[PDB]
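A.B. asks: Sharing a structure, written as structure tokens. Questions coming.
All Cβ positions, even for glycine, are placed from backbone atoms using ideal geometry, and neighbour counts span all protein chains on display. Every read-out reported here was derived from the displayed coordinates using simple, explicitly stated rules and does not represent laboratory data.
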Amino acid sequence: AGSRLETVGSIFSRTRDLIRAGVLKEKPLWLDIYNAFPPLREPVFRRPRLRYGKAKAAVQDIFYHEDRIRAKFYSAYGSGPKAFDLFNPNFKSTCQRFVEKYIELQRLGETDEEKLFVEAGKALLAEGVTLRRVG
Amino acid sequence: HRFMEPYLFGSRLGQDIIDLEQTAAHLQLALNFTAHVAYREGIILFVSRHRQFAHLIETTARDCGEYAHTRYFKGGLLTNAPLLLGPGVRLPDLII
Amino acid sequence: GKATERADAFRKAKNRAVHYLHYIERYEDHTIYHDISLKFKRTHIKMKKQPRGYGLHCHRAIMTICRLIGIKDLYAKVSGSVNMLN
Amino acid sequence: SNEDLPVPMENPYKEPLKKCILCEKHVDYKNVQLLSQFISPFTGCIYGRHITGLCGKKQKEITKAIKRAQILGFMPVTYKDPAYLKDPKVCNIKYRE
Amino acid sequence: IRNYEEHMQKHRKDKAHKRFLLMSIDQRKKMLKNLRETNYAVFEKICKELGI
Amino acid sequence: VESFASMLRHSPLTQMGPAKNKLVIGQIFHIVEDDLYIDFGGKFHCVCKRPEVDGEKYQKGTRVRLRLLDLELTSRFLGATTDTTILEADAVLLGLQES
RNA sequence: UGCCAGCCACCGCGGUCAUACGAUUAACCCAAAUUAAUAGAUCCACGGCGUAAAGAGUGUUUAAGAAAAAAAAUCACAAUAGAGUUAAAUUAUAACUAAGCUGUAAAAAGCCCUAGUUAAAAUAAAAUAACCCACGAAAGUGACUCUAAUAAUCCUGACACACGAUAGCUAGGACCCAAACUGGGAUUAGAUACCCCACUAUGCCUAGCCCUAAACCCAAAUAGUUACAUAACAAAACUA
Ligand SMILES: [K+]
Ligand SMILES: [Mg+2]
Ligand SMILES: [Mg+2]
Ligand SMILES: [Mg+2]
Ligand SMILES: [Mg+2]
Ligand SMILES: [Mg+2]
Ligand SMILES: [Mg+2]
Ligand SMILES: [Mg+2]
Ligand SMILES: [Mg+2]
Ligand SMILES: [Mg+2]
Ligand SMILES: [Mg+2]
Ligand SMILES: [Mg+2]
Ligand SMILES: [Mg+2]
Ligand SMILES: [Mg+2]
Ligand SMILES: [Mg+2]
Ligand SMILES: [Mg+2]
Ligand SMILES: [Mg+2]
Ligand SMILES: [Mg+2]
Ligand SMILES: [Mg+2]
Ligand SMILES: [Mg+2]
Ligand SMILES: [Mg+2]
Ligand SMILES: [Mg+2]
Ligand SMILES: [Mg+2]
Ligand SMILES: [Mg+2]
Ligand SMILES: [Mg+2]
Ligand SMILES: [Mg+2]
Ligand SMILES: [Mg+2]
Ligand SMILES: [Mg+2]
Ligand SMILES: [Mg+2]
Ligand SMILES: [Mg+2]
Ligand SMILES: [Mg+2]
Ligand SMILES: [Mg+2]
Ligand SMILES: [Mg+2]
Ligand SMILES: [Mg+2]
């Protein structure tokens, strides 16, 4: 009638083996689609072993040079007066504007962090935004 | 989960980010496979045990003309089909 | 298959047997492809490939399974526990 | 060629670790006031970590400093010195309910 | 080794230091044997000077 | 065609940084007698109680202001291989959105 | 025939309806041999050591053997042996008041040279800190201070050297308190036991011996891997 073993192999592997054996005389309709279009990974059962020892995960942290600049702004001025809005795909945050002007300012050849940070704050003040320093 | 490591682009401040490039490749085959089994007059069942989209998924299957099962799943449904449903029952050819 | 009566025990076992089916590859339909050495729980069973002439020199339970699968040339040695289920 | 990929850098948002009350400060067996604030005024017992809140380094030093003053003759043993009963409260235990 | 012997002569019933004294002698004995099988000229001078 | 990596860099979520103490506006999508299910654009929905002042104007689709503390509440207990999520988020109400 | 007479290589049979004893019919298997008895061929571990028989109480070293890629002297805290010291409690002892005081599920016995309060040596033991997890090779160590001090330029190793809780022995000193043995009371059919009261060896210091533990984290030392893979249970599996 069929095979009900989950761990032997994929559904494709068992179906074509039974058909080749001669027990299943009616080819399932989904089988033809599978041969033409195979998935990226064949569905083979594998036991979720727990990781022991010095082995760690290979997932990398998502960090950018922008994040380093954002840390200084958040540490000094805290959260900006503008309210973050995640519904707008093209939203421009106050911190993001600070980073963008920070990148443009450092293209002039300035290396000192203090000069870059102070001038960016003064430049933002010229645009009308509020940068009340925390503490 | 340990098996989802290859599909993860990375982790952002302790929050995992799924690599959409691999999602697009998988979703392209999934939709392509779904249509073909529907083209050949195949039974498609929507299964989702989540009590926030149960009505939406149930209505989605009605519009498509296909079947949905978002309620409690009985133990011997797909395996012991003849006793649960009826003497001669055609098993679904695809489950979503 | 387990039941209160021996006659009912046979009936349950037969019907439930066809639900669990394997496909065993047979090199030239007379032998396994290569020598296999495995240790399932506490049962050590070692099987070896053989030519056509010398066939079916294995444990009496293995010979019964081999004739059903179709293998006609095999050598098997069972070490450790000889429990039928294992 | 893609410059949008993340770089392997340490976390820039690592908030500095919390400092204990007596961190970077020198405890002593001669200042009774500092040692007296960590003693129950009614009984004279020494509070644990879950009440004092000090770290693992300044808890042992306070314990050793207190016991040195007990024998050398600088503070009472079975009660808190009443002269230092009005010092600011640092422990997290409340008796009156 | 000389420091342990001075300590042992005072505190006779100490057993932790007596174990250290015996192991220190054994380690020096092992190292002297290794030196002898590699550089005999240096081993003779060390043996004569230290009184070992 | 814009590469997926470029999308994350300019996304508002990445520009937010740490989720603690961030002023984020949200929209209410479900109303109970005392609980307001608010969606702030994150993965899950935060739950807050109706304030005693101007409580009659908190209706479906109304925009409010939130202070995110944890993007997703999740903790680990002993004997648990995997953390037990709460499928919610933690936030507080600072008032209604000033249109 | 009726657990009788008897049978069996192992498991077993016979206790008035035995395919197992004895006889009969029939059958099976060897065959000029068959069966029994004793020797021999063969047969244990290139397998195992948390729970099964099995990691020896600990460390160093000799004989011996490994090295082969890389890399590695540690460390706030209660190691140890000396010297000095005492906070809280208890007792000798004195004063005062009271006639009772101790004890149990309930009592008796004991005490009345007693109890409460105030004043107070010696001996012994080390509240809270400790919801910390440090030191030592192990057994062990956690009141304070000082002195001396924790091997190896950083592998394995015995029957050899050194050590080893507690109980026990020999000699001297100490004795608050606890306490095998012993005596009394109670319980019980009996109680040379559990429960109550008294007291000794002894627990303590100095010197010597004994060398035993569920000395158990029942998991040997040094380098490693998370691959392969669930007997059961427990503290996941494995390689050199
Ligand atoms: K004490
Ligand atoms: Mg057997
Ligand atoms: Mg006979
Ligand atoms: Mg008869
Ligand atoms: Mg017989
Ligand atoms: Mg007979
Ligand atoms: Mg044993
Ligand atoms: Mg054992
Ligand atoms: Mg050993
Ligand atoms: Mg040994
Ligand atoms: Mg040698
Ligand atoms: Mg001594
Ligand atoms: Mg009486
Ligand atoms: Mg008295
Ligand atoms: Mg006396
Ligand atoms: Mg401890
Ligand atoms: Mg050592
Ligand atoms: Mg050392
Ligand atoms: Mg050695
Ligand atoms: Mg001893
Ligand atoms: Mg003793
Ligand atoms: Mg003794
Ligand atoms: Mg004698
Ligand atoms: Mg004596
Ligand atoms: Mg005595
Ligand atoms: Mg006594
Ligand atoms: Mg008696
Ligand atoms: Mg022990
Ligand atoms: Mg042992
Ligand atoms: Mg051991
Ligand atoms: Mg060893
Ligand atoms: Mg070592
Ligand atoms: Mg190791
Ligand atoms: Mg089971």
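A.B. asks: Could you check the stretch A:75-93 and list, in sequence order, the residues that are closer than 27 Å to residue D:8 by Cβ and either aliphatic (A, V, I, L, M) or in contact with a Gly (Cβ under 6 Å, 6 or more places away or on another chain) (or both)?
C.D. replies: Of all residues in the stretch A:75-93, those closer than 27 Å to residue D:8 by Cβ come to A:75-76, A:93.
A:76, the sole residue that qualifies.
A.B. asks: Being in contact with a helix residue (DSSP H, G or I) (Cβ under 8 Å, 6 or more places away or on another chain), in a helix (DSSP H, G or I) and away from RNA strand G (no atom under 16 Å from the Cβ) narrows it down to one residue among D:33, D:59; which is it?
C.D. replies: D:33
A.B. asks: Further question on the same structure: Can you name the residue in the stretch C:9-35 that is out of contact with any helix residue (DSSP H, G or I) (no Cβ under 8 Å at 6 or more places or on another chain) and touching a residue at least 40 places away in the same chain (Cβ under 8 Å) and is also surrounded by the fewest Cβ atoms within 10 Å (Cβ to Cβ) among such residues? Quick ask: steps written out before the conclusion?
C.D. replies: Looking only at the stretch C:9-35, we keep the residues that are out of contact with any helix residue (DSSP H, G or I) (no Cβ under 8 Å at 6 or more places or on another chain), and these are C:9-20, C:22, C:25, C:27-35.
Filter again for touching a residue at least 40 places away in the same chain (Cβ under 8 Å), leaving C:29-32.
Numbers: C:29: 9, C:30: 15, C:31: 20, C:32: 19.
Here the residue is C:29.
A.B. asks: Could you list, ordered by first residue, the pairs with Cβ atoms under 8 Å in which the first is in the stretch A:23-45 and of a type in the set (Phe, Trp, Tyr) and the second is exposed (fewer than 10 other Cβ atoms within 10 Å of the Cβ), at least 6 apart or interchain?
C.D. replies: As it stands, the answer is A:45/A:6; A:45/A:7, since those pairs meet every condition given.
Here's the yes/no breakdown for (1) surrounded by 15 or more Cβ atoms within 10 Å (Cβ to Cβ); (2) more than 11 Å from chain A (Cβ to nearest Cβ); (3) over 30 Å from residue A:3 (Cβ atoms):
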| residue | (1), (2), (3) |
| --- | --- |
| B:12 | yes, no, yes |
| B:24 | no, yes, yes |
| B:27 | no, yes, no |
| B:36 | yes, no, no |
| B:50 | no, yes, yes |
| B:62 | no, yes, yes |
| B:65 | no, yes, yes |
| B:71 | no, yes, no |
| B:89 | no, yes, no |
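A.B. asks: Being in contact (Cβ under 8 Å) with a residue 40 or more places away in the chain, of a type outside the set (A, V, I, L, M, F, W, C) and part of a loop (DSSP other than H, G, I, E, B) is the filter here, so list the residues in the stretch F:20-42 that pass it.
C.D. replies: Passing the criteria: F:20, F:21, F:42.
A.B. asks: When you look at residue D:17, is it closer than 30 Å to residue A:72 by Cα, in contact (Cβ under 8 Å) with a residue 12 or more places away in the chain and either away from chain F (no Cβ under 14 Å) or within 19 Å of the chain's Cα centre (by Cα) (or both), yes or no?
C.D. replies: Answer is no for this residue.
A.B. asks: If a residue counts only when it is more than 16 Å from ligand 2 (Cβ to nearest atom), within 14 Å of chain C (Cβ to nearest Cβ) and small (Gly, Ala, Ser), which helices (runs of 4 or more DSSP H) contained entirely in the stretch A:1-79 have at least 1 such residues? Don't jump to the end; show me each part of the working.
C.D. replies: Numbers: elements: A:11-21, A:29-36, A:65-77.
Passing ranges, in order: A:11-21.
Residue-by-condition table, conditions (1) of a type in the set (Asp, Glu); (2) away from RNA strand G (no atom under 16 Å from the Cβ):
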residue: C:17; (1), (2): no, yes
residue: C:21; (1), (2): no, yes
residue: C:43; (1), (2): no, no
residue: C:60; (1), (2): no, yes
residue: C:67; (1), (2): no, yes
residue: C:73; (1), (2): yes, yes
residue: C:76; (1), (2): no, yes
residue: C:86; (1), (2): no, no
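A.B. asks: Can residue B:2 be described as within 9 Å of another protein chain (Cβ to nearest Cβ), surrounded by 14 or more Cβ atoms within 10 Å (Cβ to Cβ) and farther than 28 Å from residue A:31 by Cα? Break it down stepwise before answering.
C.D. replies: On the way: within 9 Å of another protein chain (Cβ to nearest Cβ): yes; surrounded by 14 or more Cβ atoms within 10 Å (Cβ to Cβ): no; farther than 28 Å from residue A:31 by Cα: yes.
Here the answer is no, as residue B:2 does not meet what is asked.
A.B. asks: Quickly run through the stretch C:48-86 and pick out the residues that are of a type outside the set (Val, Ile, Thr), loosely packed, with under 14 Cβ neighbours inside 10 Å, more than 16 Å from ligand 2 (Cβ to nearest atom) and without any contact (Cβ under 8 Å) to a residue 24 or more places away in the chain.
C.D. replies: Within the stretch C:48-86, C:51, C:52, C:53, C:54, C:67, C:68 meet the criteria.
A.B. asks: Moving on to the next point. Given the structure, is residue C:72 within 14 Å of another protein chain (Cβ to nearest Cβ), touching a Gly at 6+ places or on another chain (Cβ under 9 Å) and basic (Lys, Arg)? Reasoning before the result, please.
C.D. replies: Working: within 14 Å of another protein chain (Cβ to nearest Cβ): no; touching a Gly at 6+ places or on another chain (Cβ under 9 Å): yes; basic (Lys, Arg): yes.
Spelling it out, it is not the case that residue C:72 is within 14 Å of another protein chain (Cβ to nearest Cβ), touching a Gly at 6+ places or on another chain (Cβ under 9 Å) and basic (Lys, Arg).
A.B. asks: Pick from D:80, D:60, D:94, D:64: which is charged (D, E, K, R) and touching a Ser or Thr at 6+ places or on another chain (Cβ under 7 Å)?
C.D. replies: D:80 is the lone residue from the list that is charged (D, E, K, R) and touching a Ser or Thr at 6+ places or on another chain (Cβ under 7 Å).
A.B. asks: Kindly provide the set of residues from the stretch A:32-51 that are surrounded by fewer than 11 Cβ atoms within 10 Å (Cβ to Cβ) and over 23 Å from residue A:5 (Cβ atoms), ordered by number.
C.D. replies: The answer is A:36, A:40, A:50, A:51.
A.B. asks: Checking the condition within 21 Å of residue D:9 (Cα to Cα), in contact with a strand residue (DSSP E or B) (Cβ under 7 Å, 6 or more places away or on another chain) and without any contact (Cβ under 8 Å) to a residue 60 or more places away in the chain, which residue from A:96, A:106, A:60 passes?
C.D. replies: Values: A:96 fails: in contact with a strand residue (DSSP E or B) (Cβ under 7 Å, 6 or more places away or on another chain); A:106 fails: in contact with a strand residue (DSSP E or B) (Cβ under 7 Å, 6 or more places away or on another chain).
Every option except A:60 fails the conditions.
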